[PDB]
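A short write-up of the structure that comes next.
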Amino acid sequence: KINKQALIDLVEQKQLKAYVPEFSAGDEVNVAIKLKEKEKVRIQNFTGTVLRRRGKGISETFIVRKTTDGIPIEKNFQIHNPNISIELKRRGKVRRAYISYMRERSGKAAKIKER
Amino acid sequence: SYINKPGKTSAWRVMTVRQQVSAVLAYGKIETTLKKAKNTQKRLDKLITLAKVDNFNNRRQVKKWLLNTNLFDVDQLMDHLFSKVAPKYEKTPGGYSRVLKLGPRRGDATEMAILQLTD
Amino acid sequence: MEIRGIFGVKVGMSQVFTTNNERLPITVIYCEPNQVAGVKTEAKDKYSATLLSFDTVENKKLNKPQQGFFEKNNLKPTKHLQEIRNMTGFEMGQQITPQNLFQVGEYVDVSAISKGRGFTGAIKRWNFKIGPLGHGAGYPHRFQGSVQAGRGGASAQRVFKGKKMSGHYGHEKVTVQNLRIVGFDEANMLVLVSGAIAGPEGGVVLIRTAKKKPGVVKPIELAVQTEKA
Amino acid sequence: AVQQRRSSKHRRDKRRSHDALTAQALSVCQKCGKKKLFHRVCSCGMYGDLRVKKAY
Amino acid sequence: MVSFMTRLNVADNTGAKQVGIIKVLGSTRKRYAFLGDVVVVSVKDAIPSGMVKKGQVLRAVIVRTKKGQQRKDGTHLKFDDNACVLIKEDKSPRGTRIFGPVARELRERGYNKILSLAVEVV
RNA sequence: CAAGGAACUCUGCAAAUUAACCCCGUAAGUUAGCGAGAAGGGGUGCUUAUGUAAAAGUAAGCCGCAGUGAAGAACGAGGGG
RNA sequence: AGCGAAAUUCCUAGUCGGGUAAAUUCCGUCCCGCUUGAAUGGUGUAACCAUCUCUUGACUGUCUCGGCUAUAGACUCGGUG
RNA sequence: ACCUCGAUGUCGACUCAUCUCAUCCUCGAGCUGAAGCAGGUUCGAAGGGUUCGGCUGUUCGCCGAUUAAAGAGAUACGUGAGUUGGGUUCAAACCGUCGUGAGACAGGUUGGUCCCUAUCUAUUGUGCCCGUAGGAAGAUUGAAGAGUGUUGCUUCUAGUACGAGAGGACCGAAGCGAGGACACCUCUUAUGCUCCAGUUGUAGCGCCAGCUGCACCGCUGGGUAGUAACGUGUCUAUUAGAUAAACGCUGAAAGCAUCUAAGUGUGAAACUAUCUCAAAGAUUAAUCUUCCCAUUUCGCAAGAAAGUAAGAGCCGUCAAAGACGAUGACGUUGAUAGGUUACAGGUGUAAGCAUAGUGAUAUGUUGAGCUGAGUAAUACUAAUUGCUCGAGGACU
């Protein structure tokens, strides 16, 4: 007769990963993507950082931005998405938990990383 | 349209709420619209909890919204409150104020209700 | 058809992951374990239906007509009672489970009430076009334009009955069919489904057999991440 | 958007027939008389079990 | 938004840089050109030293969408620029030098040669 | 207000964009008076030294996604009468 | 003389060409040219025009495609009316 | 030559369009000088749909590219108490012509002013009163109504049959679908005006520090819940009957035969059902059960005092609904709203301290701090120690 709507988390506790280290939108990562031709799943690496982290609980989707052949690809990955394995390369600096200026910032520079 | 009174703008209403939360500290009684009093009660309880924290940083936070009157200077008023009334009501889970609906105003049916403090 | 029906309430709305790597939004509906109030048939009561009761209450939380019939029915008091037409399988004084009415992957529909939002504009209730903004807009610039259907004597000179003029839009009886039954939970008596659900958290939910695809069933599995740390 | 004929007195009386003011509930002050409006204070300057103000 | 004269980039060795959507040949009121859609376009800027001309109505295929779109898996594909390529009404590119990567939402409808000359398959 | 960016409209009508300063840079016609603010681009914060009398002005460092961070300040080119 | 399909020309979408997927818009060609035409001034000229005016870089929520917020109204309550 | 000048608003464009078929297509069918396909003709046929732009005031018209077609007509070439005044028909100014001049041009040219506070009805929603023959409750019902009665592409069938070669099927199945109808803010986008962070200066807060007001919400960057789209998700088949055209069998007249006159099937997106929403004032106010009462006694047992005992209403905590009304939950027996506690999200290392530098500054404290609306408990505050009505079965 009395509900909780925290049992929503109880049923969500079946679709989660338990490997991803803590990240704060600016730690550079390399997410490997399992993609098929028809079979023999190949690896598509996607090196970048979290431009925007949006959602609620399981809905926490995060942007990852890469540049290939001068083309900027920004793609909204999910933390617990199958075949979306995130490898954390390094950690930068967190001015704020969200960034809206990587589009106005160019490459060729050593991005700041914590020592 | 063009030039007229602002009415109930957010800045206007927040300033008026600040005036009422200063006056309730000044005199201990407020007689106003019940619609204003019900919203004032929320921030009054929040400020009561903040006073119960009773920190110098809390002094800075409370300083932001208090206003000065003729007889109650801010330095005297806030120090007095934090000295005695901050722990006075420290044994109650909310409901730090109550509104009693009085008779309305004489002229234009302006509902007068009294907001006061309670345990 | 021998309609299978259950009563539940929406308790949230989110997404989930699946096997075969597709995104699957989740409307989560807690289905109440219902006790049947009775059965009517078209040959005995002239309308085939099953009366169900839910939202159990105490002896002092109901009007004495309904409560008195309900204790005469030998059923512990409940807030709400509703009949489902063409349903006769479930008879009075028995428990209703979500695992027998339907199966994991077949297609159903849900009768529900929309969310209360009051009056909405004609451009929203009927999806018309707004007037001009540039080249001079004037004060009235949002309307459907002309209402005249003819000038002069005996052309139209009026607006007949039954016109789609804006009014109360929302909080209305709706039903969307062919939505996937994503997940079952008999331990919690709960259902995860796909799509978008009308109404707020508290809107009535009546699950029934889909008219477009009653028996069509599709396979799908959830995604359980086995990626070790 | 203006009228062509005057409104009759009988029709306006029928229109004003549905017009009615608000309904007022009553209660009693807990330590004074003067039947008051429900959820409102009476003129005895005393709300029931109360006496914070004056009666002028 | 796909509409009349949607200026977008060119990603093949053709010698053109500005082309505008003049017609979307297909269903009525579609008013969108999803990834892989072949659309009727009028060329705005093209050098004669290249292998293309200007003004003539041709057919082109959008390869990049700056707003992006939702994929069937759940990850939102997105770019930062509108771009297209010029096709010769087949599964092969007019410009042999295909600049930039390609998506995987248009291989099921042919275009194997264009994706073959792409720098990567993603 | 993302996104196409004039397709809406008889027609870019309204709005939009520019805006203080200095640093460069500026074409054709021409009566040499003009064009011209042509057009086209950069940037200004704080601390230290140098700084002249205040200055401007420069260098070193430090940070912001951004530095007349509030304000008020210039859109332009070609065609025809 | 000169001008010109000149806003002056019904035929005009004049014949041709340019900007023109598209362009009775615009500008170049010729002069029977209803009703061109040299102090009704004509032909051009240098600048300028809150002048007409063709095209355009940005420019924009005009349109695409309508939407979010806010007050003041509208509406409720009260007084006047 | 008239109903209509004590006036009788007409062009376009927009918005909304609805109605009809001599129907453009989606559909069915016959014939063909219809191999197939492409088709054409004709018959039925309104269920639905039938483009975008540029120039031209433009309904007229021209051009280009498309889908299945980019149908027509009517509504004062529908409609300005709905919008603009592009245009038509304003003075004015100008070119050319005419008129001596006033001025005119069924010539061009430049711009050329759309008021209306809804009384009634017609209508869309929302309410109140009464009633349906004791009250009330639902569960209904469905008479009457409506929405819905759109469609294309690819592949397999199949280069198969056919055809000759070439050319190339009729149907079905799978996927993709475009459009619009409905719902949502979980994926994405904007807003998010008492959220956070940072920043500019002025006025201040007695100063450093830190805090506030003002300044396009000061600006900048976001953003909780929420709002919505530019975003997601279902939808176009189908069933039963009778079908139009049309295809039929048998069969009489006209001994044979002949879709019709008898008997008698098949067959279109047309019609009525299945799909969906509401629905007994539907005075035809329909059904069912339910709970309460039928309360000795005094004129009809006439209110005679006990006027439901079912409860409802007033009022309030309110949003669940939401201009108000009203709907709905809840009234101390309660978590009904608020507050408190803690959590989630957002937001982003709080203040202050140590550190080195003269100072800007940077390392740790610190993912700390804050939070309108999110989450679970808390009777802590406010729904009063409140009020009124409410059946005797009206009449056999």
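Residues in the structure tokens are numbered from 1 in each chain, the chains being A, B, ... in the order shown, and ligands are numbered from 1 in the order shown.
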
Quiz item: When the cut-off is 7 Å and we count only C-alpha atoms (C1' of nucleotides), which residues of chain H are near chain D, given as an MDAnalysis selection string?
Solution: chainID H and resid 81 116 118:119 314:316 385:387

Quick one: everything within 12 Å of range 40-43 of chain A, counting only C-alpha atoms (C1' of nucleotides), minus sequence neighbours fewer than 2 positions away in the same chain. Send it as a PDB file with N, CA and C atoms, in the first residue's frame.
ATOM      1  N   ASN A  30      40.293   7.129 -22.641  1.00  0.00           N
ATOM      2  CA  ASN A  30      40.279   6.458 -23.938  1.00  0.00           C
ATOM      3  C   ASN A  30      39.251   5.340 -23.872  1.00  0.00           C
ATOM      4  N   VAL A  31      38.049   5.601 -24.369  1.00  0.00           N
ATOM      5  CA  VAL A  31      36.961   4.630 -24.332  1.00  0.00           C
ATOM      6  C   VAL A  31      37.089   3.732 -25.558  1.00  0.00           C
ATOM      7  N   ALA A  32      37.234   2.432 -25.320  1.00  0.00           N
ATOM      8  CA  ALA A  32      37.273   1.475 -26.416  1.00  0.00           C
ATOM      9  C   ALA A  32      35.866   0.993 -26.740  1.00  0.00           C
ATOM     10  N   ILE A  33      35.522   1.017 -28.025  1.00  0.00           N
ATOM     11  CA  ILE A  33      34.185   0.658 -28.480  1.00  0.00           C
ATOM     12  C   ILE A  33      34.275  -0.659 -29.237  1.00  0.00           C
ATOM     13  N   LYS A  34      33.463  -1.633 -28.830  1.00  0.00           N
ATOM     14  CA  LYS A  34      33.396  -2.919 -29.508  1.00  0.00           C
ATOM     15  C   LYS A  34      32.456  -2.831 -30.706  1.00  0.00           C
ATOM     16  N   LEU A  35      32.996  -2.795 -31.924  1.00  0.00           N
ATOM     17  CA  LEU A  35      32.181  -2.638 -33.125  1.00  0.00           C
ATOM     18  C   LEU A  35      32.468  -3.768 -34.101  1.00  0.00           C
ATOM     19  N   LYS A  36      31.424  -4.257 -34.759  1.00  0.00           N
ATOM     20  CA  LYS A  36      31.557  -5.404 -35.642  1.00  0.00           C
ATOM     21  C   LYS A  36      31.577  -4.976 -37.106  1.00  0.00           C
ATOM     22  N   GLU A  37      32.333  -5.719 -37.913  1.00  0.00           N
ATOM     23  CA  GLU A  37      32.089  -5.694 -39.353  1.00  0.00           C
ATOM     24  C   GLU A  37      30.854  -6.520 -39.696  1.00  0.00           C
ATOM     25  N   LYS A  38      30.946  -7.835 -39.489  1.00  0.00           N
ATOM     26  CA  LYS A  38      29.780  -8.683 -39.293  1.00  0.00           C
ATOM     27  C   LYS A  38      30.045  -9.535 -38.060  1.00  0.00           C
ATOM     28  N   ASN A  45      38.901   2.875 -30.662  1.00  0.00           N
ATOM     29  CA  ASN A  45      39.253   3.747 -29.553  1.00  0.00           C
ATOM     30  C   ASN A  45      38.728   5.156 -29.804  1.00  0.00           C
ATOM     31  N   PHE A  46      38.438   5.865 -28.714  1.00  0.00           N
ATOM     32  CA  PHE A  46      37.875   7.212 -28.815  1.00  0.00           C
ATOM     33  C   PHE A  46      38.417   8.021 -27.636  1.00  0.00           C
ATOM     34  N   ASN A  83      29.588  -2.863 -24.332  1.00  0.00           N
ATOM     35  CA  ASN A  83      30.602  -2.626 -25.359  1.00  0.00           C
ATOM     36  C   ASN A  83      31.206  -1.229 -25.277  1.00  0.00           C
ATOM     37  N   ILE A  84      30.846  -0.435 -24.273  1.00  0.00           N
ATOM     38  CA  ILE A  84      31.436   0.879 -24.063  1.00  0.00           C
ATOM     39  C   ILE A  84      32.337   0.759 -22.837  1.00  0.00           C
ATOM     40  N   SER A  85      33.611   0.451 -23.069  1.00  0.00           N
ATOM     41  CA  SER A  85      34.593   0.272 -22.004  1.00  0.00           C
ATOM     42  C   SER A  85      35.494   1.497 -21.984  1.00  0.00           C
TER      43      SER A  85
ATOM     44  N   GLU E 120      38.918   5.811 -41.599  1.00  0.00           N
ATOM     45  CA  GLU E 120      38.589   4.822 -40.584  1.00  0.00           C
ATOM     46  C   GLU E 120      37.106   4.492 -40.671  1.00  0.00           C
ATOM     47  N   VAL E 121      36.736   3.367 -40.069  1.00  0.00           N
ATOM     48  CA  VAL E 121      35.344   2.942 -39.977  1.00  0.00           C
ATOM     49  C   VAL E 121      34.942   3.031 -38.508  1.00  0.00           C
ATOM     50  N   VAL E 122      33.973   3.892 -38.211  1.00  0.00           N
ATOM     51  CA  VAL E 122      33.487   4.055 -36.850  1.00  0.00           C
ATOM     52  C   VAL E 122      31.961   4.034 -36.833  1.00  0.00           C
TER      53      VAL E 122
END

Quiz prompt | Interface residues on chain E facing chain G, 9 Å, only C-alpha atoms (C1' of nucleotides), written as a ChimeraX atom specification | solution = /E:1-3,22,41-42,55-57

Quiz item: Which is closer to residue 136 in chain H than all the others in C:32, C:227, C:64, C:53, using only C-alpha atoms (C1' of nucleotides)?
Solution: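 Closest to residue 136 in chain H, using only C-alpha atoms (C1' of nucleotides): C:64.
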
Each residue of chain H lying at most 8 Å from chain B should get a row with its shortest atom-to-atom pair and the distance in Å to one decimal, counting only C-alpha atoms (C1' of nucleotides); could you produce that, ordered by chain and increasing number, as a tab-separated table?
residue	atom	partner	partner_atom	distance
H:193	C1'	B:10	CA	6.0
H:194	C1'	B:14	CA	6.0
H:210	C1'	B:60	CA	7.7
H:211	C1'	B:64	CA	5.5
H:212	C1'	B:64	CA	6.1
H:338	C1'	B:42	CA	7.4
H:339	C1'	B:94	CA	4.5
H:340	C1'	B:93	CA	4.1
H:341	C1'	B:93	CA	7.4
H:351	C1'	B:57	CA	5.9
H:378	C1'	B:93	CA	7.0
H:380	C1'	B:94	CA	4.5
H:381	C1'	B:95	CA	3.8
H:382	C1'	B:98	CA	6.8

Self-check item: 9 Å contacts from chain C to chain G using only C-alpha atoms (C1' of nucleotides), as a PyMOL selection string
Solution: chain C and resi 129-130+132-135

Would you put the residues from that selection into a file with N, CA and C atoms, as a PDB file, in the first residue's frame?
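Saved the output as part_26.pdb:
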ATOM      1  N   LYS C 129      -1.748  26.982 -37.051  1.00  0.00           N
ATOM      2  CA  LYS C 129      -0.592  27.817 -37.337  1.00  0.00           C
ATOM      3  C   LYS C 129      -0.792  29.210 -36.756  1.00  0.00           C
ATOM      4  N   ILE C 130       0.299  29.796 -36.277  1.00  0.00           N
ATOM      5  CA  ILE C 130       0.268  31.123 -35.689  1.00  0.00           C
ATOM      6  C   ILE C 130       0.456  32.146 -36.808  1.00  0.00           C
ATOM      7  N   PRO C 132       1.588  36.261 -38.116  1.00  0.00           N
ATOM      8  CA  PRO C 132       2.901  36.840 -38.430  1.00  0.00           C
ATOM      9  C   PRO C 132       3.587  37.476 -37.230  1.00  0.00           C
ATOM     10  N   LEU C 133       4.919  37.462 -37.266  1.00  0.00           N
ATOM     11  CA  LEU C 133       5.738  38.188 -36.299  1.00  0.00           C
ATOM     12  C   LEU C 133       6.445  39.363 -36.960  1.00  0.00           C
ATOM     13  N   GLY C 134       7.115  39.138 -38.087  1.00  0.00           N
ATOM     14  CA  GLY C 134       7.675  40.223 -38.863  1.00  0.00           C
ATOM     15  C   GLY C 134       6.634  40.895 -39.740  1.00  0.00           C
ATOM     16  N   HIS C 135       7.087  41.928 -40.457  1.00  0.00           N
ATOM     17  CA  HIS C 135       6.254  42.732 -41.348  1.00  0.00           C
ATOM     18  C   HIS C 135       5.065  43.359 -40.631  1.00  0.00           C
TER      19      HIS C 135
END

Self-check item: Per-residue DSSP, range 12-108 of chain B, filtered to helix (DSSP H, G or I), as a PyMOL selection string
Solution: chain B and resi 12-27+34-53+56-63+74-85

Exercise. Pull the strand (DSSP E or B) assignments for range 31-160 of chain C out of DSSP run on the backbone, and list those residues as a ChimeraX atom specification.
Key: /C:31,35-40,49-56,78-85,95,106-113,119

Practice problem: Write out as a PyMOL selection string the residues lying within 10 Å of residue 4 in chain E, counting only C-alpha atoms (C1' of nucleotides) and excluding same-chain residues fewer than 2 positions away. | Solution: (chain E and resi 1-2+6-7+20-24+31+41) or (chain F and resi 4-7) or (chain G and resi 64) or (chain H and resi 52-53)

Dump of N, CA, C and O atoms (P, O5', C5', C4', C3', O3' and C1' of nucleotides) for the selected residues, as a PDB file, in the first residue's frame:
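Generated output (result.pdb):
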ATOM      1  N   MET E   1      18.778  21.560 -39.027  1.00  0.00           N
ATOM      2  CA  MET E   1      17.533  21.499 -39.782  1.00  0.00           C
ATOM      3  C   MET E   1      17.798  21.479 -41.288  1.00  0.00           C
ATOM      4  O   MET E   1      18.459  22.371 -41.822  1.00  0.00           O
ATOM      5  N   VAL E   2      17.282  20.457 -41.968  1.00  0.00           N
ATOM      6  CA  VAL E   2      17.415  20.356 -43.416  1.00  0.00           C
ATOM      7  C   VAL E   2      16.337  21.210 -44.070  1.00  0.00           C
ATOM      8  O   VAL E   2      15.141  20.995 -43.849  1.00  0.00           O
ATOM      9  N   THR E   6      20.736  24.755 -47.584  1.00  0.00           N
ATOM     10  CA  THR E   6      21.429  24.419 -46.341  1.00  0.00           C
ATOM     11  C   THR E   6      22.917  24.299 -46.653  1.00  0.00           C
ATOM     12  O   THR E   6      23.416  23.269 -47.120  1.00  0.00           O
ATOM     13  N   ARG E   7      23.636  25.394 -46.413  1.00  0.00           N
ATOM     14  CA  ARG E   7      25.065  25.432 -46.688  1.00  0.00           C
ATOM     15  C   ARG E   7      25.804  24.477 -45.762  1.00  0.00           C
ATOM     16  O   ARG E   7      25.625  24.515 -44.541  1.00  0.00           O
ATOM     17  N   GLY E  20      23.880  24.075 -52.075  1.00  0.00           N
ATOM     18  CA  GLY E  20      22.633  24.262 -51.358  1.00  0.00           C
ATOM     19  C   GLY E  20      21.537  23.285 -51.731  1.00  0.00           C
ATOM     20  O   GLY E  20      21.319  22.994 -52.912  1.00  0.00           O
ATOM     21  N   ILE E  21      20.824  22.782 -50.720  1.00  0.00           N
ATOM     22  CA  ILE E  21      19.733  21.833 -50.912  1.00  0.00           C
ATOM     23  C   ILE E  21      18.625  22.520 -51.699  1.00  0.00           C
ATOM     24  O   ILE E  21      17.980  23.449 -51.198  1.00  0.00           O
ATOM     25  N   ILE E  22      18.386  22.073 -52.932  1.00  0.00           N
ATOM     26  CA  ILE E  22      17.413  22.745 -53.785  1.00  0.00           C
ATOM     27  C   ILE E  22      16.119  21.944 -53.801  1.00  0.00           C
ATOM     28  O   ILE E  22      15.038  22.504 -54.016  1.00  0.00           O
ATOM     29  N   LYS E  23      16.218  20.637 -53.547  1.00  0.00           N
ATOM     30  CA  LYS E  23      15.084  19.722 -53.569  1.00  0.00           C
ATOM     31  C   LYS E  23      15.438  18.458 -52.795  1.00  0.00           C
ATOM     32  O   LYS E  23      16.582  18.002 -52.837  1.00  0.00           O
ATOM     33  N   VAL E  24      14.451  17.907 -52.090  1.00  0.00           N
ATOM     34  CA  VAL E  24      14.600  16.612 -51.425  1.00  0.00           C
ATOM     35  C   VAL E  24      13.686  15.643 -52.171  1.00  0.00           C
ATOM     36  O   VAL E  24      12.494  15.526 -51.882  1.00  0.00           O
ATOM     37  N   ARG E  31      10.925  16.905 -45.449  1.00  0.00           N
ATOM     38  CA  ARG E  31      11.623  18.120 -45.018  1.00  0.00           C
ATOM     39  C   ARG E  31      12.866  17.847 -44.172  1.00  0.00           C
ATOM     40  O   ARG E  31      13.400  18.764 -43.541  1.00  0.00           O
ATOM     41  N   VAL E  41      20.614  19.020 -55.202  1.00  0.00           N
ATOM     42  CA  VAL E  41      21.376  20.159 -54.706  1.00  0.00           C
ATOM     43  C   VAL E  41      21.841  21.002 -55.885  1.00  0.00           C
ATOM     44  O   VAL E  41      22.120  20.485 -56.970  1.00  0.00           O
TER      45      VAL E  41
ATOM     46  P     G F   4      23.305  25.292 -38.378  1.00  0.00           P
ATOM     47  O5'   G F   4      22.265  25.456 -39.573  1.00  0.00           O
ATOM     48  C5'   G F   4      22.120  24.442 -40.556  1.00  0.00           C
ATOM     49  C4'   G F   4      21.124  24.835 -41.617  1.00  0.00           C
ATOM     50  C3'   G F   4      21.177  26.285 -42.072  1.00  0.00           C
ATOM     51  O3'   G F   4      22.201  26.514 -43.022  1.00  0.00           O
ATOM     52  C1'   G F   4      18.926  25.639 -41.701  1.00  0.00           C
ATOM     53  P     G F   5      23.361  27.581 -42.719  1.00  0.00           P
ATOM     54  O5'   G F   5      22.755  28.958 -43.239  1.00  0.00           O
ATOM     55  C5'   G F   5      21.891  29.003 -44.371  1.00  0.00           C
ATOM     56  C4'   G F   5      20.908  30.142 -44.274  1.00  0.00           C
ATOM     57  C3'   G F   5      21.535  31.525 -44.114  1.00  0.00           C
ATOM     58  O3'   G F   5      20.685  32.500 -44.718  1.00  0.00           O
ATOM     59  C1'   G F   5      20.196  31.062 -42.235  1.00  0.00           C
ATOM     60  P     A F   6      21.303  33.681 -45.615  1.00  0.00           P
ATOM     61  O5'   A F   6      20.062  34.208 -46.461  1.00  0.00           O
ATOM     62  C5'   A F   6      19.518  33.422 -47.516  1.00  0.00           C
ATOM     63  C4'   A F   6      18.018  33.306 -47.419  1.00  0.00           C
ATOM     64  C3'   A F   6      17.220  34.368 -48.179  1.00  0.00           C
ATOM     65  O3'   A F   6      15.994  33.769 -48.599  1.00  0.00           O
ATOM     66  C1'   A F   6      16.639  34.454 -45.920  1.00  0.00           C
ATOM     67  P     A F   7      15.064  34.444 -49.721  1.00  0.00           P
ATOM     68  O5'   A F   7      13.671  33.685 -49.550  1.00  0.00           O
ATOM     69  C5'   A F   7      13.229  32.748 -50.521  1.00  0.00           C
ATOM     70  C4'   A F   7      13.110  31.355 -49.955  1.00  0.00           C
ATOM     71  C3'   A F   7      12.061  31.130 -48.877  1.00  0.00           C
ATOM     72  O3'   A F   7      10.757  30.980 -49.413  1.00  0.00           O
ATOM     73  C1'   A F   7      14.087  30.001 -48.324  1.00  0.00           C
TER      74        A F   7
ATOM     75  P     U G  64       6.799  28.824 -39.963  1.00  0.00           P
ATOM     76  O5'   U G  64       7.909  27.710 -40.215  1.00  0.00           O
ATOM     77  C5'   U G  64       7.970  27.031 -41.459  1.00  0.00           C
ATOM     78  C4'   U G  64       9.325  26.414 -41.704  1.00  0.00           C
ATOM     79  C3'   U G  64       9.712  25.243 -40.819  1.00  0.00           C
ATOM     80  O3'   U G  64       9.069  24.033 -41.168  1.00  0.00           O
ATOM     81  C1'   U G  64      11.545  26.709 -41.022  1.00  0.00           C
TER      82        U G  64
ATOM     83  P     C H  52       3.831  23.950 -50.376  1.00  0.00           P
ATOM     84  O5'   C H  52       5.364  24.259 -50.687  1.00  0.00           O
ATOM     85  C5'   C H  52       6.396  23.741 -49.860  1.00  0.00           C
ATOM     86  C4'   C H  52       7.735  23.771 -50.556  1.00  0.00           C
ATOM     87  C3'   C H  52       8.257  25.143 -50.942  1.00  0.00           C
ATOM     88  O3'   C H  52       8.858  25.817 -49.850  1.00  0.00           O
ATOM     89  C1'   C H  52       8.538  23.643 -52.754  1.00  0.00           C
ATOM     90  P     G H  53       8.363  27.283 -49.426  1.00  0.00           P
ATOM     91  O5'   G H  53       9.420  28.251 -50.115  1.00  0.00           O
ATOM     92  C5'   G H  53       9.152  28.823 -51.385  1.00  0.00           C
ATOM     93  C4'   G H  53      10.376  28.824 -52.267  1.00  0.00           C
ATOM     94  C3'   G H  53      10.462  29.979 -53.250  1.00  0.00           C
ATOM     95  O3'   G H  53      10.961  31.170 -52.669  1.00  0.00           O
ATOM     96  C1'   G H  53      10.805  27.976 -54.416  1.00  0.00           C
TER      97        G H  53
END

Exercise. Would you kindly report the residues of chain H within 10 Å of chain C, using only C-alpha atoms (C1' of nucleotides), as a PyMOL selection string?
Key: chain H and resi 8+14-18+75-76+78-80+82-84+121-126+136-141+145-146+181-187+232-235+237-238+274-278+287-292+310-311+320-322+333

Exercise. Would you kindly return, as a PyMOL selection string, each protein, DNA or RNA residue with an atom no farther than 12 Å from any atom of residue 59 in chain F, considering only C-alpha atoms (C1' of nucleotides) and excluding same-chain residues fewer than 2 positions away?
Key: chain F and resi 48-51+57+61

Quiz item: Excluding same-chain residues fewer than 3 positions from residue 80 in chain A, what lies within 10 Å of it counting only C-alpha atoms (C1' of nucleotides), as a PyMOL selection string?
Solution: (chain A and resi 15-20+58-61+77+83-86) or (chain C and resi 16-17+223-225+227)

Write a file of the selected residues as a tab-separated table (two decimals), in the first residue's frame, keeping N, CA and C atoms.
chain	number	residue	atom	x	y	z
A	15	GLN	N	21.93	-3.38	-13.89
A	15	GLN	CA	22.47	-2.89	-15.15
A	15	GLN	C	23.60	-1.89	-14.94
A	16	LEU	N	24.57	-2.24	-14.10
A	16	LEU	CA	25.66	-1.33	-13.76
A	16	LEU	C	27.01	-2.01	-13.96
A	17	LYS	N	28.03	-1.18	-14.17
A	17	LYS	CA	29.41	-1.63	-14.18
A	17	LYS	C	30.07	-1.28	-12.85
A	18	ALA	N	31.18	-1.95	-12.56
A	18	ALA	CA	31.93	-1.75	-11.32
A	18	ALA	C	33.43	-1.72	-11.59
A	19	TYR	N	33.85	-1.02	-12.64
A	19	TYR	CA	35.26	-0.86	-12.95
A	19	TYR	C	35.68	0.59	-13.14
A	20	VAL	N	34.79	1.45	-13.62
A	20	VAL	CA	35.13	2.81	-14.01
A	20	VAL	C	35.63	3.60	-12.80
A	58	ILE	N	20.90	6.40	-13.13
A	58	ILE	CA	21.35	5.59	-14.25
A	58	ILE	C	21.39	6.41	-15.54
A	59	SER	N	20.55	7.44	-15.64
A	59	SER	CA	20.47	8.30	-16.82
A	59	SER	C	21.68	9.21	-16.97
A	60	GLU	N	22.73	9.03	-16.18
A	60	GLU	CA	23.92	9.88	-16.26
A	60	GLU	C	24.66	9.56	-17.55
A	61	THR	N	24.37	10.31	-18.61
A	61	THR	CA	25.07	10.20	-19.88
A	61	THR	C	26.14	11.28	-19.96
A	77	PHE	N	28.14	9.08	-24.72
A	77	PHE	CA	28.20	7.71	-24.24
A	77	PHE	C	27.49	7.57	-22.91
A	83	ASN	N	29.59	-2.86	-24.33
A	83	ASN	CA	30.60	-2.63	-25.36
A	83	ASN	C	31.21	-1.23	-25.28
A	84	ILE	N	30.85	-0.44	-24.27
A	84	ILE	CA	31.44	0.88	-24.06
A	84	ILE	C	32.34	0.76	-22.84
A	85	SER	N	33.61	0.45	-23.07
A	85	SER	CA	34.59	0.27	-22.00
A	85	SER	C	35.49	1.50	-21.98
A	86	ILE	N	35.53	2.19	-20.85
A	86	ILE	CA	36.26	3.44	-20.70
A	86	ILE	C	37.57	3.17	-19.98
C	16	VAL	N	16.89	1.94	-19.66
C	16	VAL	CA	17.62	0.74	-19.27
C	16	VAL	C	18.42	0.25	-20.47
C	17	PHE	N	19.38	-0.64	-20.21
C	17	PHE	CA	20.18	-1.25	-21.26
C	17	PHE	C	19.64	-2.64	-21.58
C	223	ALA	N	20.70	-6.19	-20.26
C	223	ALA	CA	22.15	-6.24	-20.29
C	223	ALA	C	22.70	-6.26	-18.87
C	224	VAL	N	23.47	-7.30	-18.56
C	224	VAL	CA	24.13	-7.44	-17.27
C	224	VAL	C	25.62	-7.35	-17.53
C	225	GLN	N	26.25	-6.28	-17.04
C	225	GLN	CA	27.66	-6.03	-17.30
C	225	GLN	C	28.52	-6.94	-16.43
C	227	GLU	N	31.90	-6.90	-16.73
C	227	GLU	CA	33.24	-6.34	-16.85
C	227	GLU	C	33.84	-6.17	-15.46
